[PDB]
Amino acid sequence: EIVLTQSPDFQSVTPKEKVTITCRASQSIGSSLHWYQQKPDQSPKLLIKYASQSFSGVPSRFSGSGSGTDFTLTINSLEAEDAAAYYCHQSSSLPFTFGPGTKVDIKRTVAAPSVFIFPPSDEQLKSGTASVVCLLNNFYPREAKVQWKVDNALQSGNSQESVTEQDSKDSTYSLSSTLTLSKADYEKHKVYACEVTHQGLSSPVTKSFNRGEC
């Protein structure tokens, strides 16, 4: 199977500026390469067919180009509605394949997250489990790092995190991180902390609490 690689994986663009996405095929495919746009919770839509032919209804600010193995999708004078994932697909040889996709989001000024931490509720503790939640609210860019520390020991493998889609009004993101322990394990330690690293923070921000406090 022909493998398609795309770059970059993520790109932020200021409205009116340009986005340039590239797709490379593991083997030559002539001009049998197409581009699709896909917004969150929506079906993909055809943008460019056969490398450079714009599909009906697609604005001229979109331009696809290339032949052989290297192809390019350029979005000139980007508008807000262009924030989406973009995928290339080759129809040169079976089995047909798609690139891994490229996410384009709206670029704005860096915004540090406001961090909040939540100890487990007495209700959950009673059920035998303790979930500690750390919220990083309204930040930009998307890249953020959360590290859990219990009595200053770095944790790994016992937390999961989720991130919202870019806000349509302030262009920010929010992220939740949950540390989960058994009730017994939770009661063996004193201090629980989440350490947040982000571009909007000159130094990492740590929010913490002593078990029993809030």
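Note that residue numbering follows the sequence shown and begins at 1.
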With reference to the PDB entry, specify whether the mean Cα temperature factor is higher for 84-92 or for 111-119. 111-119
Highest mean C-alpha temperature factor of the two stretches 149-157 and 45-53, which is it? 149-157
Among 61, 34, 169, 183, which carries the highest Cα B-factor? 169
Based on the entry's values, in what third of the chain does the Cα temperature factor of residue 205 lie: lowest, middle or highest? middle
Hey, what third does residue 103 fall into on Cα B-factor, ranked over its chain? lowest
Comparing residue 130 with the other modelled residues of its chain, is its CA B-factor in the lowest, middle or highest third? lowest
B-factor third for the C-alpha atom of residue 164 within its chain: lowest
If you rank every modelled residue in this chain by C-alpha B factor, which third holds residue 174: lowest, middle or highest? lowest
